[PDB]
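Asker: First, the structure itself, so that you have it in front of you.
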Amino acid sequence: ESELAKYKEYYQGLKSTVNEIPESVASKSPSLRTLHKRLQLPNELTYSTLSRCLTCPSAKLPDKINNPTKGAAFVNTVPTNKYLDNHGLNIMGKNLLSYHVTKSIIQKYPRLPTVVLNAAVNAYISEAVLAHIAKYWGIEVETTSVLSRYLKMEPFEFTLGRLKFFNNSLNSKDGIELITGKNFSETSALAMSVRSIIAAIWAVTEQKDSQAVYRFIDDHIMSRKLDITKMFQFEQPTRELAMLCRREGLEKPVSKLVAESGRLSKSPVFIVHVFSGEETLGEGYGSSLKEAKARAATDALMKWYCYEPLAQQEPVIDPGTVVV
Amino acid sequence: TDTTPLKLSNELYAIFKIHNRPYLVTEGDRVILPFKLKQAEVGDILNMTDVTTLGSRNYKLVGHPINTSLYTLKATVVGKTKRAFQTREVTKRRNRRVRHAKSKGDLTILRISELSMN
Amino acid sequence: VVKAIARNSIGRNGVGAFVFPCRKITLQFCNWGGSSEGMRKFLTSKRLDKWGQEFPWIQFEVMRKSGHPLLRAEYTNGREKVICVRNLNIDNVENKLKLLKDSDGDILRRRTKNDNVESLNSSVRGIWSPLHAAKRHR
Amino acid sequence: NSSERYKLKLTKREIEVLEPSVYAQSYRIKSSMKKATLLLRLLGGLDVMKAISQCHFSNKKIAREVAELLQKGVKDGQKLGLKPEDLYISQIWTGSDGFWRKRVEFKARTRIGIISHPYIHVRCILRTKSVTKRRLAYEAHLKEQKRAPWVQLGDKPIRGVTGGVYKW
Amino acid sequence: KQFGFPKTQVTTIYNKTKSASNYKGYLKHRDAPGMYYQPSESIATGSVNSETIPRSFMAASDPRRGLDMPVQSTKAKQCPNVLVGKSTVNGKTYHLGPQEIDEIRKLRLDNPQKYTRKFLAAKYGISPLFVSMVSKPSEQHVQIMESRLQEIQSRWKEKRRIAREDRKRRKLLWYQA
Amino acid sequence: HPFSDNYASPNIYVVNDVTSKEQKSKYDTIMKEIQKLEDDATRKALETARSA
RNA sequence: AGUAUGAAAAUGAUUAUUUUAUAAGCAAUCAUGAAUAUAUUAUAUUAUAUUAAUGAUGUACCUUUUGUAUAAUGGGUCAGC
RNA sequence: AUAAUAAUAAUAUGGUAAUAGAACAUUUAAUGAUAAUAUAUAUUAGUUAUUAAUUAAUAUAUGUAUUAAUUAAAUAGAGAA
Ligand SMILES: [Mg+2]
Ligand SMILES: [Mg+2]
Ligand SMILES: [Mg+2]
Ligand SMILES: [Mg+2]
Ligand SMILES: [Mg+2]
Ligand SMILES: [Mg+2]
Ligand SMILES: [Mg+2]
Ligand SMILES: [Mg+2]
Ligand SMILES: [Mg+2]
Ligand SMILES: [Mg+2]
Ligand SMILES: [Mg+2]
Ligand SMILES: [Mg+2]
Ligand SMILES: [Mg+2]
Ligand SMILES: [Mg+2]
Ligand SMILES: [Mg+2]
C-alpha cells in the first residue's frame with residue numbers, strides 16, 4: 001500500500017460529498033444540527049440545504065496558488081459543484097433583505113430623506129454587519145487544510161458543517177495582506193452565508209407560510225438598535241426649513257428668543273424657538289444666539305423627517321425630500 | 001383609567017419591581033439582577049407583574065401594581081453569571097492573622113424584549 | 001441640504017430572536033492521570049447523553065489529552081471560558097458544566113451599586129434643564 | 001514588475017525599530033553615573049553636530065568621551081548610508097559598567113568608610129530628522145485632528161447611577 | 001385640554017431644593033394609583049418623540065393631532081426676533097426687472113472694488129445675497145480675495161489656527177441633532 | 001474509549017485519537033512519496049530531452 | 001572561590017503613555033470624568049488595560065502592654081539563609 | 001440504614017491566649033502512561049468562590065517530567081531575633 005493513495009481516495013470522497021451534500025452525511029454533521037437548533041429554522045429546511053448555504057462558489061483553483069512567495073496559498077477548500085453552491089440562494093437573500101428592511105424603514109419613517117434611508121438600510125444589512133451576525137450564530141470557517149484533516153482522520157460531516165470558500169492560508173502572516181478580490185474575503189463569505197440561510201428559509205416556507213421569512217428577518221435583522229436621529233448631518237437648515245414651510249400651508253418660520261442666561265460669559269445659554277405663526281416648530285438651545293437658531297432649525301427638520309406615524313393610521317406617503 | 005396617550009406614544013418606559021427592587025426600563029434595555037434566578041433557565045421569558053409605573057414623555061400610569069391587563073412587559077433571561085472575584089482582607093491592628101473574605105456574587109442578565117400598552 | 005452619517009446597528013440578542021449564548025462545550029480528559037477520574041466517570045455514565053438531549057443547540061466535543069481534565073465553553077460573543085476540573089467528582093463536574101452553559105460569554109466585571117440597566121435608548125422623558133423645570137429655582 | 005498589491009501590518013514597536021538609526025557605545029569610562037547625567041541631560045534631542053560642538057566646549061572630563069562617542073556614531077551612520085547633518089540624538093543614557101572596586105577609607109578614632117570607584121558607559125541612539133522626526137510630527141498632527149473640541153454648553157455624561165427612578 | 005388628568009411635579013419626599021440628586025427620596029415618594037400628567041422638564045431639541053413633534057408636521061389622519069401634548073407654552077408675541085433677515089421683518093420684494101439685473105451684472109464684472117455687493121444693494125433697494133445670486137464678479141477679484149484670506153490665515157499663530165479648527169468642529173456638531 | 005456513536009445524541013461527538021507521532025510519520029511518507037514521484041518524472045523528462 | 005545560563009529583585013540612567021506649577025497629611029480603597037494603548041466577532045452608543053481631574057472614606061507594620069498613630073520596641077531596600 | 005450532588009424549614013458562623021478539625025505550595029522515596037502538535041520556567045491577558053491551578057499569546061530551554069494520582073516522610077512556607 002501507499003499513504004499517498006489513501007490520502008487521494010479520501011480527498012476524492014470529500015469532493016464527492018461536497019458535490020452531492022448527501023442528506024444522511026449532512027444530518028450526521030453535529031455543527032449543522034446545532035446551528036439549526038440555535039436559529040429555530042423550519043423542519044422543512046433540510047440539513048443538506050444548510051450545508052449548501054455554507055458552501056460558497058469555488059469551481060476552479062486560482063492562479064495565485066502557484067506562488068506562496070507572493071503571499072498566498074489556497075489549500076483548505078476543495079472544488080465545488082457548479083449547480084450546488086450558495087450563489088443563487090445568496091442573491092435571493094440579498095434581494096429579500098433589500099426589499100423587507102427598506103420597507104420596514106419606510107413604514108417607521110415615511111418622510112426620511114433618501115440618502116438617510118439608504119444609510120439606515122446599509123446599517124441594517126451591510127456586509128460587515130451580516131458577517132458579524134453569522135459569526136454570532138456560529139458559522140465557523142474551514143481554516144484547517146485537507147491534508148491536516150486527513151491526518152487527523154476526521155469525517156466529511158465536520159467539513160460540510162463549516163463555511164467553505166477560497167480562504168487564503170497565510171492571509172496576514174508576518175503582517176502581510178495580499179489585497180485579493182471579494183471572492184476570497186471572509187466577511188463577504190459570512191455575509192453570503194447569512195443571506196443564503198434566509199433564501200433557503202424562504203424557499204422552504206413560501207407556499208405554506210409566506211411571511212415566515214420576513215418574521216425571521218424581523219427577529220434577527222430588524223430587531224437591532226439604530227437611532228435614526230444620529231444619521232443626519234444638515235448644512236444650511238434654516239433655508240431648508242423655510243422651503244418646507246413654503247411647500248406646506250405654513251406661515252414663514254422666524255426664530256425668537258424664549259429664554260436667555262449668561263450673556264457676557266464664557267458659556268451662555270440661549271433658548272430660541274422657530275415659530276411659524278403662533279405654533280413653535282423647533283426648539284433650539286445654544287451657547288451663541290446663532291448656534292441656538294441653527295439648532296432650532298435642525299430640530300424642526302428632525303421633527304419633519306423622523307415623524308413616525310402609528311400602525312392604526314392610513315399609509316403616509318411623503319411628498320419627497322425638501323429640494324432647497 | 002383612560003390610558004390613550006400612553007398607548008399612542010412611540011417612546012414608553014416602565015418601572016417594574018422584582019422583589020421590591022425597582023428597575024426603570026424601555027424595550028431593548030438589559031437589566032442585571034444581583035442574584036441567581038432558580039425558577040427561570042436561560043432562554044426563558046419572564047412576564048413582569050409588579051409594574052409600579054408606566055410612563056410616556058408627559059404622562060404616567062401608576063398602580064400598586066398596575067393592572068396586568070393594561071400592558072405587556074416580557075423580559076428574556078439572557079445569561080446567569082457572576083460579578084468579578086474579590087478578596088478584601090480582614091484584620092485587627094496588632095494581629096498577624098489576616099482573614100481573607102473572598103466574594104463573587106451572582107448576577108442574572110435579563111433583556112426587556114417587549115413593552116407595550118395592550 | 002441633508003447628508004447621511006455612515007453608522008451601524010447594535011444587536012440586542014433578546015428582543016427579536018434569542019440566540020443561545022453557549023454554542024460549544026469541549027470535555028477534555030486523560031486515560032492516565034488520577035485527576036481526570038471524575039471527568040472519565042461523567043463521560044461514561046449516561047449524563048452527557050441526557051445533557052446533549054436537553055441542549056441540542058450546544059455541540060459537545062469530547063477530547064483526550066495528557067494533562068488535567070478541562071471544560072472549555074465557547075460563546076456567541078467569541079469569548080472562551082476554560083475551567084480546569086482537576087480532582088472533581090462526577091457531580092462537581094456536572095455543576096461546573098451547568099455553570100458554563102448558564103454563562104453569557106462576557107468577561108467578569110465589578111459593578112457599582114445599583115448599576116442595573118444598560119440602555120442604548122435615549123431617555124423617554126428628556127434630560128433635565130434648569131430653564132425648562134416646573135419649579136423655577138428662587 | 002508585478003501586479004500584486006499589498007497591505008503591511010506593523011506594531012508600534014516594529015515601526016520604531018525599523019526606522020533608520022545608529023547605536024553608539026562608549027568604552028569603560030572612569031566616572032560616576034550622576035556626573036555623566038549632569039552633562040548628558042544637555043544633549044537630549046540635539047542634532048549630533050551641535051551636541052559634538054557642545055561637548056568640545058564643555059568644561060567637564062566626561063565631555064570629551066561623549067564627543068568621541070558621538071563622532072563614532074556619526075561615522076557608523078555614514079558607513080550605513082545616513083548623513084551627519086540628518087542625525088539627531090534620539091536617546092542618550094548612562095549605566096554602571098560593573099566591577100567597581102571597593103576600598104576602605106580609614107578615619108580618625110577607629111572609624112571607617114568604604115570608597116567605591118565608579119566606572120560607567122554612555123550609550124546613545126542616533127535617529128534621522130528625515131524619517132523619525134517626520135513620523136512623530138505626522139502622529140502629532142493626526143492626534144490634533146482627532147481631538148474633540150471644547151464645547152461650551154456641551155454634552156457631559158450625567159455621572160452617578162440612576163437608582164431605578166426618574167429625578168426629572 | 002382633551003385630558004383632565006391631575007398633574008404632578010417629579011416629587012421627592014425630601015427637600016427638592018437641597019436634595020434634588022437624592023434618588024432615595026424619589027423612590028420613597030408613592031402617589032395614588034391612576035393616570036397623571038407629568039410635564040417634561042426638558043427642551044425638545046434632540047427628541048423624535050411623538051409628544052414632542054408639532055401638529056403641522058403630524059399627518060392629517062394622525063389621532064395625535066387632536067390630543068393636547070405639543071404644548072404651546074411660549075408665545076411668539078412675547079419673544080423677540082433673533083438673527084432675522086430684513087426681508088422677514090418687512091416682506092420680500094420682486095421689483096427689479098431683467099434690464100436692471102443686466103446693468104448690475106455689467107457693473108459687478110467691470111469694477112467689484114468700486115461696485116461692491118453692499119453698494120449695489122443700496123442702489124437698487126435689494127439684498128447683498130440677492131446681488132450675489134444675480135451676478136458673479138470677475139474671477140480675478142475672487143482669486144485675489146482668496147489669496148488675501150490665505151495670507152491672513154498664514155499670519156495666525158498656532159493657537160489661533162487650533163481655535164478656528166475647534167470652532168469649525170463645534171459648528172459641524174450643531175447641525176447633527 | 002468513547003466514540004461519537006456511543007452517546008446517541010447527534011450534537012455529542014468524540015474527536016479521533018490519532019497520535020501526533022503517527023500523523024507526523026504519515027505526513028513524512030506522503031510528502032516523501034510525492035517527491036519520489038516528481039523526481040522520477042523529471043528524470044524521465046531529462047531522458048526524453050536527451051533522446052530528442 | 002566549579003562550569004554554563006540568567007527579562008529574580010533591590011538599584012541607576014533614558015524613552016513612551018498619562019497626571020501634575022492655588023494645594024496640605026500611611027500616598028490606599030471606593031466613587032467618577034478625561035486621555036492613551038490593545039483588541040482577526042469594536043455589530044457599538046463596544047470591552048479590557050494604564051494614568052495622583054474631581055469627590056468620599058482612610059491615625060504604617062510588628063512586638064510588649066490595662067492601653068500605642070504614638071514622640072514606646074525593632075526594621076535602609078531586595079535576594080539567599 | 002451509604003456516598004456524592006441538589007432542594008426546602010430552622011439554628012449557628014467577631015475573636016487575643018488557647019483547644020479541635022480540614023486543605024494547599026515546596027523537596028525527597030515507592031508505583032507510573034505520555035511527548036518538540038510535548039514539557040518546564042518567565043511575562044501579559046482571560047477562567048475556576050482563586051495562598052492554587054488552568055487557557056491563550058509571546059520568550060528561552062530541553063528529545064524531555066521520579067509527571068497525574070495514592071502513600072511514606074521533611075533542613076516543608078519568613079516584613080519582624
Ligand atoms: Mg492588643
Ligand atoms: Mg494586621
Ligand atoms: Mg555582568
Ligand atoms: Mg582622615
Ligand atoms: Mg559608597
Ligand atoms: Mg443635605
Ligand atoms: Mg492648577
Ligand atoms: Mg506637601
Ligand atoms: Mg513623628
Ligand atoms: Mg516607632
Ligand atoms: Mg531604627
Ligand atoms: Mg470564628
Ligand atoms: Mg526552613
Ligand atoms: Mg526572604
Ligand atoms: Mg507575610
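Residues are named by chain letter and number: chains run A, B, ... in the order of the C-alpha cells, numbers start at 1 in each chain, and ligands are numbered from 1 in the order shown.
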Around ligand 10, which protein and nucleic acid residues have at least one atom no more than 9 Å from it, if we count only C-alpha atoms (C1' of nucleotides) and all ligand atoms? List them as a list in words.
Answerer: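 Residues lying within 9 Å of ligand 10: residues 70, 71, 72, 73 and 74 of chain G.
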Asker: At a cut-off of 10 Å and counting only C-alpha atoms (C1' of nucleotides) and all ligand atoms, what residues surround ligand 3? Please answer as JSON, numbers by chain.
Answerer: {"D": [96, 97, 98, 99]}
Asker: Compile the residues of chain G that lie within 12 Å of chain A, evaluated using only C-alpha atoms (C1' of nucleotides), and express the compilation as a list in words.
Answerer: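 Applying the cut-off to the listed atoms yields residues 40, 41, 42, 43, 44 and 45 of chain G.
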Asker: Excluding range 39-51 of chain H and any residue of its chain fewer than 2 positions from it, enumerate the residues within 9 Å of it, using only C-alpha atoms (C1' of nucleotides), and give them as an MDAnalysis selection string.
Answerer: (chainID B and resid 85 102:105) or (chainID C and resid 79:85 96 107) or (chainID G and resid 7 48:49) or (chainID H and resid 24:25 35:36 53:62 64:65)
Asker: Compute the set of protein, DNA and RNA residues whose minimum atom distance to ligand 13 is at most 8 Å, using only C-alpha atoms (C1' of nucleotides) and all ligand atoms, and state it as an NGL selection string.
Answerer: :H and (75-77)
Asker: Starting from chain C, keep only residues with some atom at most 9 Å from an atom of chain G, counting only C-alpha atoms (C1' of nucleotides), and report them as a ChimeraX atom specification.
Answerer: /C:8-11,76-78,106-107,112,119-121
Asker: Taking only C-alpha atoms (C1' of nucleotides) and all ligand atoms into account, which residues are within 12 Å of ligand 4, as number ranges by chain?
Answerer: D: 104-113
Asker: Near chain A, meaning an atom within 7 Å, which residues of chain C appear when counting only C-alpha atoms? Write them as a list in words.
Answerer: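 Within 7 Å of chain A on chain C, we get residues 1, 2, 3, 4, 5, 6, 7, 8, 9, 10, 11, 12, 15, 16, 17, 19, 20, 56, 57, 58, 59, 76 and 77 of chain C.
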Asker: Can you tell me which residues surround residue 80 in chain E at a distance of at most 10 Å, considering only C-alpha atoms (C1' of nucleotides), apart from same-chain residues fewer than 6 positions away, and format the answer as a ChimeraX atom specification?
Answerer: /A:254-258,272
Asker: Distance limit 9 Å, reference ligand 7, atoms considered: only C-alpha atoms (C1' of nucleotides) and all ligand atoms. Which residues make the cut? Give them as a list in words.
Answerer: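 My answer, listing the contacting residues, is residues 20, 21, 22 and 23 of chain G.
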Asker: Using C-alpha atoms (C1' of nucleotides), can you export the residues from the last selection as a PDB file, in the first residue's frame?
Answerer:
ATOM      1  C1'   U G  20       0.864  67.374  37.828  1.00  0.00           C
ATOM      2  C1'   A G  21       3.251  74.690  38.876  1.00  0.00           C
ATOM      3  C1'   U G  22      -3.895  77.965  44.216  1.00  0.00           C
ATOM      4  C1'   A G  23      -2.587  72.861  47.121  1.00  0.00           C
TER       5        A G  23
END
